[PDB]
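Remarks on the structure that follows.
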Amino acid sequence: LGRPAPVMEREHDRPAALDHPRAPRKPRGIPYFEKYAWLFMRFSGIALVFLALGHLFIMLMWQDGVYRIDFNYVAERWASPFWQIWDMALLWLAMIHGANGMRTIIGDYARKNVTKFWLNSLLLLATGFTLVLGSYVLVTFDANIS
Amino acid sequence: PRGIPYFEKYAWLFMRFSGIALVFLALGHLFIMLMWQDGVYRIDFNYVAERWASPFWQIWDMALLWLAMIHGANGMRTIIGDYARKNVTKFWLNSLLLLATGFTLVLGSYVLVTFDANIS
Amino acid sequence: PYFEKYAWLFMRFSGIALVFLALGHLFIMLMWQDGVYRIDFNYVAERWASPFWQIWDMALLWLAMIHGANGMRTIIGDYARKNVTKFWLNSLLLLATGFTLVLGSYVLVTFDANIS
Amino acid sequence: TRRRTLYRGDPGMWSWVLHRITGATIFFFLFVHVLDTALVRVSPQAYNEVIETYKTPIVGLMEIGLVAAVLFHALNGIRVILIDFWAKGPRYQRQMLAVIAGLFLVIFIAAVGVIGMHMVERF
Amino acid sequence: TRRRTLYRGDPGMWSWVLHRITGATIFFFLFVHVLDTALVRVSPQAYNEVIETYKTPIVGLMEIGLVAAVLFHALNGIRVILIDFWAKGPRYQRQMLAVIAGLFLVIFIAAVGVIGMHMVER
Amino acid sequence: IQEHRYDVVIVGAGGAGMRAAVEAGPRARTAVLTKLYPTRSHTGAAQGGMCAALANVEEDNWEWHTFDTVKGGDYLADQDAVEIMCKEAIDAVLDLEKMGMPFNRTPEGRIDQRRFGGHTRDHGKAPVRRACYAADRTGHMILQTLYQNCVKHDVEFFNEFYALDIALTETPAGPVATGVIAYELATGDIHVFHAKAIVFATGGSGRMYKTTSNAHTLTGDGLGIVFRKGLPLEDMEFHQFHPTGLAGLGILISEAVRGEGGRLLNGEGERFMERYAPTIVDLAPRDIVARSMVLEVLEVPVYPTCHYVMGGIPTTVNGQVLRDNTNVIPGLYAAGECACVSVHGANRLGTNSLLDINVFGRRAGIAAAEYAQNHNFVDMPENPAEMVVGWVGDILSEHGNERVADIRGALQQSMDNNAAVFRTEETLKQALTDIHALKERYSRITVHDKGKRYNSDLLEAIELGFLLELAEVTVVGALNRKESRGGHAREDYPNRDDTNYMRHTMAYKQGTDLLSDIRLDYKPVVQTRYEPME
Ligand SMILES: Cc1cc2nc3c(=O)[nH]c(=O)nc-3n(C[C@H](O)[C@H](O)[C@H](O)COP(=O)(O)OP(=O)(O)OC[C@H]3O[C@@H](n4cnc5c(N)ncnc54)[C@H](O)[C@@H]3O)c2cc1C
Ligand SMILES: CCCCCCCCCCCCCCCC(=O)OC[C@H](COP(=O)(O)O)OC(=O)CCCCCCCCCCCCCCC
Ligand code: HEM
Ligand code: HEM
Ligand code: HEM
């Protein structure tokens with residue numbers, strides 16, 4: 001008697017011939033997307049140093065930290081183009097940075113391609129929701145809400 | 001290698017996902033408009049102004065506009081690709097579609113973002 | 001792939017649009033009533049109280065900046081000898097263009113006539 | 001020479017042709033209707049003028065037609081999404097098709113009843 | 001089958017583990033921050049309520065932990081960016097790591113001192 | 001009238017044709033002439049397996065297979081070629097697999113084998129699990145695989161090209177084959193392909209019987225062509241009639257009943273097969289089973305159907321068309337069911353046919369390629385298409401009171417009532433008079449198209465001519481052989497006379513018109529180790 005042959009089929013949706021030993025490895029995505037996601041993480045990190053650490057400083061350490069924060073404080077800060085643009089840049093840079101990072105994390109912790117697909121879809125959904133909600137609140141804010 | 005690589009896969013996926021979202025968006029819009037209190041017979045500027053004084057309905061209508069226009073524009077891109085025989089006809093029809101879609105998105109976004117209740 | 005074809009086509013189409021946008025802007029600014037000698041905050045505020053001029057200026061800003069940025073991309077590609085120089089000059093161009101578009105869009109979208 | 005003849009194939013073929021037709025219908029309506037709504041950044045009187053001309057019985061039957069179009073498009077698009085994402089989708093194609101025929105008839109007779117009672121009390 | 005193995009490698013490996021963990025921490029917190037701030041478009045009183053519940057001692061300790069997360073992520077990200085851009089980066093890795101350990105220590109104890117004073121005076 | 005300068009030119013695209021084309025594809029400048037598309041070939045009808053001693057599920061060597069194949073052919077098979085076929089059969093199955101064919105796999109993953117008919121352990125002990133299969137559809141997978149490889153190596157197919165004759169150039173050392181004159185169905189234009197070697201793989205000829213199992217396009221044209229050029233045909237009176245024949249029409253019923261409990265119940269309400277031949281239930285040889293059923297009827301409904309032809313063009317082992325017993329035509333090869341390499345002898349063993357086509361198609365392709373490399377173009381006569389053009393023109397421009405359908409129907413009806421599973425002397429003489437009458441009626445027929453784009457009554461009439469020739473050959477050979485051996489079975493002389501008839505019979509065409517005579521010569525049977533016994 002002999003040794004039973006090894007099954008090459010990972011999952012139903014995966015062509016085994018894709019992980020053939022002698023098969024040519026060729027790029028499996030949009031060309032030059034990884035280069036620019038890599039460069040984006042670097043540049044947006046350089047910007048986020050200033051944006052995020054200045055936000056944290058001014059919030060927690062300046063006068064009375066969180067113990068001064070309320071609606072009137074927010075309404076006085078957002079009456080200034082400086083802080084409006086600062087918070088919009090912070091929201092957009094931080095969400096795209098974090099979403100690309102979690103793209104990487106999912107890509108190397110998800111074992112099945114179906115899990116990877118659906119987790120990337122959930123990630124894109126959550127990031128889009130947070131971006132549109134934050135952008136709406138920033139753009140359409142009025143201190144005289146009541 | 002006729003166009004941008006992996007553009008058709010993502011247009012396909014976008015039609016599926018925007019359909020899932022547009023079920024709720026478009027059918028809730030139609031319900032609340034036509035069969036809630038008096039249907040069309042209650043609609044006027046004051047109705048629009050008190051509906052658009054709410055973050056809920058503002059975001060609802062902007063999401064509806066953008067999803068519906070990109071969905072329809074992609075679908076009509078497919079229809080043109082299946083019915084246009086000459087390459088010049090396909091080029092100019094895709095350009096007309098892109099122009100009309102851009103104009104409608106620009107106008108709808110302007111109206112939503114800039115609407116003020118107190119105009120006269 | 002196919003990025004150069006569409007950048008080429010965009011320069012052509014944005015030129016056709018920018019004829020009207022930019023030349024109407026220059027006309028109405030410099031040779032209508034008193035040219036520059038009538039311009040001030042009140043003039044800007046009564047011009048930007050009109051959907052016509054608001055959309056005109058936003059279209060002008062976006063088309064002109066993307067047009068100029070693509071043209072300068074071409075100029076850099078034709079004059080930069082080192083690949084590191086080309087990389088950092090394209091990055092500086094992208095940064096300045098993004099900053100100008102962000103600032104102009106903010107000003108248009110957020111402008112309020114009653115500021116003081 | 002051009003012959004003209006009907007293929008007479010699957011019912012999914014007629015579902016697809018209705019899907020395409022109703023989708024294009026909604027697209028053209030949406031163009032026109034986003035314009036007339038953009039009329040709200042002009043004047044309350046302009047908006048009231050236009051939407052009051054949209055309160056006639058002709059436009060009412062057209063509202064019913066558009067309700068039908070959007071409802072069928074939504075149901076059949078759910079069927080298509082299921083076929084594509086669900087691995088056992090293509091087997092239950094005709095089952096889904098009969099189910100959405102039933103759902104369409106139910107919801108559409110209900111919607112016509114409601115819109116009709118509104119049109120009746122308005123005259 | 002699965003075995004439990006600690007690989008015990010470079011200190012850059014633990015820097016990378018901490019970078020990944022702190023980054024994901026900031027991502028989830030940011031989801032929540034953006035929601036509770038969106039609450040500023042409904043009323044002053046709702047916003048005031050939820051943030052008054054964000055001014056407790058438990059959430060003060062949590063804010064100290066979030067300061068630590070953001071600070072380490074920022075510093076190690078500066079190190080990573082330098083490694084990738086500066087052509088002598090990979091040599092001086094593991095000296096950048098000592099530098100940022102020291103920087104984290106000083107900035108973090110200063111920040112926790114200020115925040116602890118604020119939390120005491122209440 | 002175009003003319004193509006080529007090298008090895010293959011006439012056929014079945015299993016044997018496309019095997020030869022993948023062999024002689026890289027080696028030379030090959031063209032393949034097909035009258036169908038390469039995948040509409042009879043090979044695709046093959047449902048059963050393909051047996052080769054791979055020894056995966058069980059253990060078995062090639063000598064057991066050789067004995068099985070020699071005893072099945074009722075001791076008329078050239079045991080030289082039988083040995084060569086089995087030894088190359090192992091590697092032929094393996095080469096099909098390595099070309100991409102989807103065989104059925106074993107739990108360990110080699111190739112699955114199942115039992116079939118009279119493939120027994122050693123000299124009649126137990127079945128062996130020898131037949132390698134793909135599914136309920138084995139010939140279709142073989143055909144698809146060979147076509148996929150001809151697509152891979154970019155073979156030049158000439159689809160729907162009815163090859164109507166070959167040009168034999170005469171040299172002081174004899175005749176030599178030069179070109180093939182084909183008729184493009186699509187445009188009506190006669191083409192002349194100049195070659196150095198010529199391979200004939202045109203399949204069998206069962207359509208001369210009313211109820212048959214062969215395709216409508218299996219008329220027999222390799223046989224007819226090489227029989228008109230003066231060359232002989234070998235023992236054409238050996239037709240295998242299959243038992244399971246869907247008594248209505250003739251479709252084969254080897255679908256499911258083969259490897260299951262098929263209760264051959266016939267007569268009124270009785271079982272018969274053990275009343276006639278015990279010691280084995282129903283896996284007896286096909287010819288024995290068919291004789292039993294028929295002589296039972298002479299005293300779901302099934303009935304025997306002409307299935308296979310064991311005769312054909314006489315051939316050496318390397319695939320060369322030998323002229324008489326030992327000469328050879330230079331530049332002329334044969335492979336497949338049209339060729340008689342003398343492997344099945346007087347009765348064919350199931351699953352040996354696909355095996356035969358693989359082995360000897362490969363051999364003939366190699367041989368023709370290497371001949372085309374060594375030698376050069378010899379010559380060609382003046383405008384060699386005169387006979388074909390005159391033939392087509394004569395058929396077209398004429399009007400007569402006979403229709404091809406009626407002539408063909410009467411031929412098939414007579415050949416089925418007379419020269420069939422049981423045939424007698426006066427029976428075969430009636431068949432001969434009938435075929436002579438039909439041959440003189442075929443001289444005045446009409447075609448109703450006269451077009452030149454897609455003419456099908458034209459080629460239908462030409463094929464009727466081929467069928468008439470081969471029917472004459474079959475009846476005269478079967479009237480000559482005065483014994484009952486294999487598929488052949490006479491009621492006058494009912495047992496195997498091994499003192500005079502252990503020899504292939506060969507038929508030579510004397511004249512050139514239709515109504516002519518045929519000279520019957522003999523040919524000895526190569527014998528190595530398996531002397532007659534039963
Ligand atoms: C129903 C059925 C079931 C069978 N089952 C089995 C089985 O289970 N096992 C088994 O071993 N055998 C079986 N056989 C027989 C076996 O398959 C044949 O021996 C085999 O198919 C022979 O094929 P071939 O290579 O001779 O050419 P074929 O595939 O028979 O076809 C001949 C080819 O030659 C070409 N051609 C013919 N005439 C001309 C012309 N005048 N000009 C140009 N081209 C021409 C045609 O295009 C055709 O493709 C079966 C046969 C039939 C009918
Ligand atoms: C790519 C994805 C893009 C997503 C876009 C789809 C949006 C579709 C419509 C969603 C609109 C959301 C805006 C919310 C405004 C609102 O409701 O708030 C507006 C409401 C008015 O709603 P109504 O007038 O309809 O009753 O004001 C209230 O009084 C609400 C009381 C408390 C509600 C708290 C909600 C604040 C934030 C919590 C959001 C909940 C999400 C939880 C996720 C985990
Ligand atoms: C504050 C300044 C920041 C800097 C300097 C910075 C820098 C970096 C860099 C360079 C990377 C790439 C690391 C790698 O590829 O190995 C990275 C990854 C990441 N960042 Fe940031 N970042 C900052 C802020 C943030 C913020 C605000 C968030 C989320 C809201 C975030 C979330 C992430 C995540 C999740 C990763 C993935 C970690 C990994 O894949 O290992 N970061 N960061
Ligand atoms: C504003 C609303 C809508 C518009 C303008 C619209 C328009 C279109 C158009 C024109 C098409 C092309 C049809 C074709 O190519 O055959 C299409 C396809 C599609 N629609 Fe919509 N549609 C809308 C709403 C919806 C809704 C509510 C759903 C719900 C699921 C949906 C699901 C789909 C799907 C899945 C497709 C792809 C069909 C295919 O690829 O075969 N659509 N849409
Ligand atoms: C006013 C109407 C305008 C028209 C019709 C127009 C047209 C064009 C065209 C067709 C090109 C392509 C030239 C080529 O590819 O060889 C071009 C290039 C260029 N345009 Fe415009 N343009 C206009 C306005 C502008 C504006 C407003 C800007 C900047 C704000 C601008 C900046 C540039 C630059 C920098 C180039 C690159 C020149 C080159 O690469 O040779 N143009 N223009």
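Residue numbers start at 1 in each chain; chains themselves are named A, B, ... in the order of the structure tokens; ligands are numbered from 1 in the order shown.
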- Query: Would you name the residues within 6 Å of ligand 3, counting only C-alpha atoms and all ligand atoms, and put them as a ChimeraX atom specification?
  - Reply: /A:41-42,45-46,48-49,52,94-95,97-98,101-102,104-105 /E:19-20,23-24,26-27,30,73-74,77-78,80-81
- Taking only C-alpha atoms and all ligand atoms into account, report as an NGL selection string which residues have an atom no farther than 9 Å from an atom of ligand 2. (:A and (124-133)) or (:B and (21 or 24-25 or 51 or 53-64)) or (:E and (31-32 or 34-43 or 46))
Show me which bits of chain D are within 12 Å of chain A, counting only C-alpha atoms, as a compact mmCIF listing (two decimals) with C-alpha atoms, in the first residue's frame.
# COMPACT_ATOMS: atom_id res chain seq x y z
CA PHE D 85 -22.61 36.55 -3.28
CA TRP D 86 -24.39 33.42 -2.03
CA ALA D 87 -22.60 30.25 -3.13
Quick one: everything within 12 Å of residue 107 (chain C), counting only C-alpha atoms, minus sequence neighbours fewer than 2 positions away in the same chain. Send it as a compact mmCIF listing (two decimals) with N, CA and C atoms, in the first residue's frame.
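What landed in around-v8.txt:
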# COMPACT_ATOMS: atom_id res chain seq x y z
N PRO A 81 -11.17 79.67 11.77
CA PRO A 81 -10.74 78.85 10.64
C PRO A 81 -9.56 77.96 10.97
N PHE A 82 -8.67 78.41 11.84
CA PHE A 82 -7.51 77.61 12.21
C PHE A 82 -7.95 76.26 12.77
N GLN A 84 -10.98 74.88 12.74
CA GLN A 84 -11.82 74.12 11.82
C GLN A 84 -10.98 73.31 10.85
N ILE A 85 -10.00 73.95 10.20
CA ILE A 85 -9.16 73.23 9.25
C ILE A 85 -8.29 72.21 9.96
N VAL A 139 -18.69 70.53 8.88
CA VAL A 139 -19.13 71.47 7.87
C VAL A 139 -20.38 72.21 8.31
N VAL C 44 -17.00 91.57 -2.93
CA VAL C 44 -16.89 90.12 -2.85
C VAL C 44 -18.12 89.52 -2.18
N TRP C 48 -20.66 86.89 -3.94
CA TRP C 48 -20.77 85.55 -3.42
C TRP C 48 -22.08 85.30 -2.69
N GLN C 54 -20.94 81.83 -7.09
CA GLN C 54 -20.33 80.83 -6.21
C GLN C 54 -19.89 79.60 -7.00
N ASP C 57 -16.92 80.43 -9.34
CA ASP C 57 -15.61 80.51 -8.71
C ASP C 57 -15.11 79.15 -8.23
N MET C 58 -16.00 78.27 -7.78
CA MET C 58 -15.52 76.96 -7.37
C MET C 58 -15.07 76.13 -8.57
N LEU C 61 -11.70 77.54 -9.63
CA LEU C 61 -10.63 77.09 -8.75
C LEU C 61 -10.21 75.67 -9.05
N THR C 100 -3.59 74.59 -1.71
CA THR C 100 -4.35 75.66 -2.34
C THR C 100 -5.80 75.24 -2.59
N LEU C 101 -6.02 74.00 -3.02
CA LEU C 101 -7.39 73.55 -3.22
C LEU C 101 -8.15 73.49 -1.90
N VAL C 102 -7.51 73.02 -0.84
CA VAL C 102 -8.15 72.96 0.47
C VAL C 102 -8.50 74.35 0.97
N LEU C 103 -7.58 75.30 0.84
CA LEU C 103 -7.85 76.64 1.33
C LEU C 103 -8.95 77.33 0.52
N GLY C 104 -8.89 77.23 -0.81
CA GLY C 104 -9.91 77.87 -1.62
C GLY C 104 -11.29 77.26 -1.41
N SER C 105 -11.36 75.94 -1.31
CA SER C 105 -12.64 75.30 -1.06
C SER C 105 -13.18 75.67 0.31
N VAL C 109 -16.79 77.56 0.69
CA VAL C 109 -17.89 76.85 1.34
C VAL C 109 -18.31 77.55 2.62
N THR C 110 -17.36 78.13 3.35
CA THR C 110 -17.62 78.63 4.69
C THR C 110 -17.84 80.14 4.74
N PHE C 111 -17.61 80.86 3.66
CA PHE C 111 -17.76 82.31 3.67
C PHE C 111 -19.12 82.72 4.19
N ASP C 112 -19.13 83.65 5.15
CA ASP C 112 -20.34 84.29 5.63
C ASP C 112 -20.20 85.80 5.53
N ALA C 113 -21.23 86.46 5.01
CA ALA C 113 -21.14 87.89 4.77
C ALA C 113 -21.00 88.67 6.08
Around ligand 5, at most 10 Å away and counting only C-alpha atoms and all ligand atoms, which residues are there? Put them as a JSON list (two decimals) with N, CA, C and O atoms, in the first residue's frame, please.
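Now in selection.json:
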[["chain", "number", "residue", "atom", "x", "y", "z"],
["C", 7, "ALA", "N", -4.85, 62.16, -18.75],
["C", 7, "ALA", "CA", -4.31, 63.48, -18.43],
["C", 7, "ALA", "C", -4.29, 64.37, -19.66],
["C", 7, "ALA", "O", -4.63, 65.56, -19.58],
["C", 8, "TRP", "N", -3.92, 63.82, -20.81],
["C", 8, "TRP", "CA", -3.98, 64.54, -22.08],
["C", 8, "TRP", "C", -5.39, 65.03, -22.38],
["C", 8, "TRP", "O", -5.62, 66.22, -22.66],
["C", 9, "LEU", "N", -6.36, 64.12, -22.31],
["C", 9, "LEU", "CA", -7.75, 64.49, -22.59],
["C", 9, "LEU", "C", -8.26, 65.52, -21.59],
["C", 9, "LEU", "O", -9.03, 66.41, -21.95],
["C", 10, "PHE", "N", -7.86, 65.40, -20.33],
["C", 10, "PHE", "CA", -8.28, 66.36, -19.33],
["C", 10, "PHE", "C", -7.73, 67.74, -19.62],
["C", 10, "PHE", "O", -8.43, 68.73, -19.43],
["C", 11, "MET", "N", -6.48, 67.84, -20.06],
["C", 11, "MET", "CA", -5.97, 69.15, -20.43],
["C", 11, "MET", "C", -6.79, 69.76, -21.54],
["C", 11, "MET", "O", -7.13, 70.95, -21.49],
["C", 12, "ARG", "N", -7.19, 68.96, -22.52],
["C", 12, "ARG", "CA", -8.00, 69.50, -23.62],
["C", 12, "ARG", "C", -9.37, 69.98, -23.13],
["C", 12, "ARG", "O", -9.79, 71.10, -23.44],
["C", 13, "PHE", "N", -10.07, 69.14, -22.37],
["C", 13, "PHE", "CA", -11.42, 69.48, -21.95],
["C", 13, "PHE", "C", -11.43, 70.63, -20.94],
["C", 13, "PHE", "O", -12.25, 71.55, -21.04],
["C", 14, "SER", "N", -10.53, 70.59, -19.95],
["C", 14, "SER", "CA", -10.41, 71.71, -19.04],
["C", 14, "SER", "C", -9.97, 72.98, -19.74],
["C", 14, "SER", "O", -10.33, 74.06, -19.28],
["C", 15, "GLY", "N", -9.22, 72.91, -20.83],
["C", 15, "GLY", "CA", -8.97, 74.11, -21.58],
["C", 15, "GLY", "C", -10.23, 74.68, -22.19],
["C", 15, "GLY", "O", -10.48, 75.88, -22.13],
["C", 16, "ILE", "N", -11.05, 73.81, -22.79],
["C", 16, "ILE", "CA", -12.29, 74.30, -23.39],
["C", 16, "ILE", "C", -13.16, 74.99, -22.36],
["C", 16, "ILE", "O", -13.77, 76.03, -22.63],
["C", 17, "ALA", "N", -13.24, 74.42, -21.15],
["C", 17, "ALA", "CA", -14.06, 75.04, -20.10],
["C", 17, "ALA", "C", -13.41, 76.31, -19.55],
["C", 17, "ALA", "O", -14.09, 77.32, -19.30],
["C", 18, "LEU", "N", -12.10, 76.28, -19.36],
["C", 18, "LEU", "CA", -11.40, 77.39, -18.76],
["C", 18, "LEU", "C", -11.35, 78.60, -19.66],
["C", 18, "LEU", "O", -11.17, 79.70, -19.14],
["C", 19, "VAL", "N", -11.51, 78.43, -20.97],
["C", 19, "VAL", "CA", -11.67, 79.61, -21.82],
["C", 19, "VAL", "C", -12.74, 80.52, -21.23],
["C", 19, "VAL", "O", -12.47, 81.64, -20.80],
["C", 20, "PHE", "N", -13.96, 79.99, -21.13],
["C", 20, "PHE", "CA", -15.08, 80.75, -20.60],
["C", 20, "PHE", "C", -14.84, 81.15, -19.16],
["C", 20, "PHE", "O", -14.93, 82.33, -18.82],
["C", 21, "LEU", "N", -14.51, 80.19, -18.29],
["C", 21, "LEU", "CA", -14.38, 80.51, -16.87],
["C", 21, "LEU", "C", -13.36, 81.62, -16.63],
["C", 21, "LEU", "O", -13.69, 82.67, -16.09],
["C", 22, "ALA", "N", -12.11, 81.40, -17.06],
["C", 22, "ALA", "CA", -11.04, 82.34, -16.74],
["C", 22, "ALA", "C", -11.20, 83.66, -17.48],
["C", 22, "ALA", "O", -10.93, 84.72, -16.91],
["C", 23, "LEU", "N", -11.64, 83.64, -18.74],
["C", 23, "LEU", "CA", -11.73, 84.90, -19.45],
["C", 23, "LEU", "C", -12.94, 85.71, -19.01],
["C", 23, "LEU", "O", -12.86, 86.94, -18.96],
["C", 24, "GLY", "N", -14.05, 85.07, -18.65],
["C", 24, "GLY", "CA", -15.14, 85.80, -18.05],
["C", 24, "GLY", "C", -14.77, 86.38, -16.70],
["C", 24, "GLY", "O", -15.15, 87.51, -16.37],
["C", 26, "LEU", "N", -11.71, 87.33, -15.75],
["C", 26, "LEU", "CA", -10.83, 88.47, -16.00],
["C", 26, "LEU", "C", -11.61, 89.66, -16.54],
["C", 26, "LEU", "O", -11.36, 90.80, -16.14],
["C", 60, "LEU", "N", -13.94, 77.39, -11.40],
["C", 60, "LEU", "CA", -12.70, 78.01, -11.80],
["C", 60, "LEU", "C", -11.54, 77.53, -10.95],
["C", 60, "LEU", "O", -10.50, 77.12, -11.47],
["C", 61, "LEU", "N", -11.70, 77.54, -9.63],
["C", 61, "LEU", "CA", -10.63, 77.09, -8.75],
["C", 61, "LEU", "C", -10.21, 75.67, -9.05],
["C", 61, "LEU", "O", -9.03, 75.39, -9.26],
["C", 62, "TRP", "N", -11.17, 74.75, -9.10],
["C", 62, "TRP", "CA", -10.80, 73.35, -9.23],
["C", 62, "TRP", "C", -10.21, 73.05, -10.60],
["C", 62, "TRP", "O", -9.16, 72.41, -10.71],
["C", 63, "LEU", "N", -10.85, 73.53, -11.67],
["C", 63, "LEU", "CA", -10.33, 73.29, -13.01],
["C", 63, "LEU", "C", -8.96, 73.92, -13.19],
["C", 63, "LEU", "O", -8.05, 73.28, -13.73],
["C", 64, "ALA", "N", -8.79, 75.16, -12.75],
["C", 64, "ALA", "CA", -7.52, 75.84, -12.94],
["C", 64, "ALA", "C", -6.40, 75.17, -12.16],
["C", 64, "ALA", "O", -5.29, 75.04, -12.67],
["C", 65, "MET", "N", -6.68, 74.72, -10.94],
["C", 65, "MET", "CA", -5.61, 74.11, -10.16],
["C", 65, "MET", "C", -5.24, 72.74, -10.70],
["C", 65, "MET", "O", -4.05, 72.41, -10.75],
["C", 66, "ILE", "N", -6.21, 71.93, -11.11],
["C", 66, "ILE", "CA", -5.84, 70.62, -11.65],
["C", 66, "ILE", "C", -5.15, 70.75, -13.00],
["C", 66, "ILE", "O", -4.18, 70.04, -13.29],
["C", 67, "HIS", "N", -5.60, 71.69, -13.83],
["C", 67, "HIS", "CA", -4.94, 71.99, -15.09],
["C", 67, "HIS", "C", -3.50, 72.42, -14.88],
["C", 67, "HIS", "O", -2.57, 71.87, -15.48],
["C", 68, "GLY", "N", -3.28, 73.42, -14.03],
["C", 68, "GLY", "CA", -1.93, 73.88, -13.79],
["C", 68, "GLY", "C", -1.05, 72.83, -13.16],
["C", 68, "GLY", "O", 0.13, 72.74, -13.47],
["C", 69, "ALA", "N", -1.61, 72.02, -12.26],
["C", 69, "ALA", "CA", -0.81, 71.00, -11.60],
["C", 69, "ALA", "C", -0.37, 69.92, -12.58],
["C", 69, "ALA", "O", 0.76, 69.46, -12.53],
["C", 70, "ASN", "N", -1.26, 69.53, -13.49],
["C", 70, "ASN", "CA", -0.86, 68.58, -14.52],
["C", 70, "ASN", "C", 0.18, 69.17, -15.47],
["C", 70, "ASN", "O", 1.15, 68.50, -15.85],
["C", 71, "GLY", "N", 0.00, 70.43, -15.86],
["C", 71, "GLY", "CA", 1.00, 71.06, -16.71],
["C", 71, "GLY", "C", 2.36, 71.14, -16.05],
["C", 71, "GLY", "O", 3.38, 70.90, -16.69],
["C", 72, "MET", "N", 2.39, 71.47, -14.77],
["C", 72, "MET", "CA", 3.67, 71.54, -14.08],
["C", 72, "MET", "C", 4.25, 70.17, -13.83],
["C", 72, "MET", "O", 5.47, 70.02, -13.76],
["C", 73, "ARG", "N", 3.41, 69.15, -13.70],
["C", 73, "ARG", "CA", 3.90, 67.78, -13.68],
["C", 73, "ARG", "C", 4.67, 67.47, -14.96],
["C", 73, "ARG", "O", 5.77, 66.90, -14.92],
["C", 74, "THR", "N", 4.11, 67.85, -16.10],
["C", 74, "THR", "CA", 4.81, 67.67, -17.38],
["C", 74, "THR", "C", 6.12, 68.45, -17.42],
["C", 74, "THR", "O", 7.15, 67.93, -17.86],
["C", 75, "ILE", "N", 6.10, 69.70, -16.97],
["C", 75, "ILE", "CA", 7.31, 70.53, -16.99],
["C", 75, "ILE", "C", 8.40, 69.91, -16.12],
["C", 75, "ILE", "O", 9.58, 69.89, -16.50],
["C", 76, "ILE", "N", 8.04, 69.43, -14.93],
["C", 76, "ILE", "CA", 9.02, 68.80, -14.05],
["C", 76, "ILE", "C", 9.57, 67.54, -14.71],
["C", 76, "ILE", "O", 10.78, 67.29, -14.68],
["C", 77, "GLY", "N", 8.70, 66.73, -15.29],
["C", 77, "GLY", "CA", 9.16, 65.54, -15.97],
["C", 77, "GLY", "C", 10.10, 65.82, -17.11],
["C", 77, "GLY", "O", 10.95, 64.98, -17.44],
["C", 78, "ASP", "N", 9.99, 66.99, -17.73],
["C", 78, "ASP", "CA", 10.87, 67.35, -18.83],
["C", 78, "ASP", "C", 12.14, 68.06, -18.39],
["C", 78, "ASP", "O", 13.09, 68.13, -19.17]]
- Task: Around ligand 4, at most 8 Å away and counting only C-alpha atoms and all ligand atoms, which residues are there? Put them as JSON, numbers by chain, please.
- Result: {"B": [12, 15, 16, 17, 18, 19, 20, 21, 22, 23, 24, 25, 26, 27, 64, 65, 67, 68, 69, 71, 72, 73, 74, 75, 76, 78, 79], "D": [16, 17, 19, 20, 21, 22, 23, 24, 25, 26, 27, 28, 30, 70, 71, 73, 74, 75, 76, 77, 78, 79, 80, 81]}
- Counting only C-alpha atoms, what is within 10 Å of residue 1 (chain C), bar same-chain residues fewer than 5 positions away, as a PyMOL selection string? (chain A and resi 31) or (chain B and resi 1-5) or (chain C and resi 6)
- Query: Using only C-alpha atoms, which residues sit within 12 Å of residue 109 (chain D) once same-chain residues fewer than 4 positions away are excluded, as number ranges by chain?
  - Reply: D: 64, 67-68, 71, 102-105, 113-116
- Message: Taking only C-alpha atoms and all ligand atoms into account, which residues have an atom no farther than 6 Å from ligand 1? I'd like them as a ChimeraX atom specification.
- Response: /F:11-17,33-36,38,41-43,45-49,161-163,201-204,213-214,221,252,336-338,350-354,357
- Task: With a distance cut-off of 9 Å and only C-alpha atoms, select the neighbouring residues of residue 47 (chain D), excluding the residue or stretch itself and same-chain residues fewer than 6 positions from it, and output the selection as a ChimeraX atom specification.
- Result: /B:44-45 /D:36-41
- Can you check which residues of chain F have any atom within 7 Å of chain A? Use only C-alpha atoms and format it as an NGL selection string. :F and (107-109)
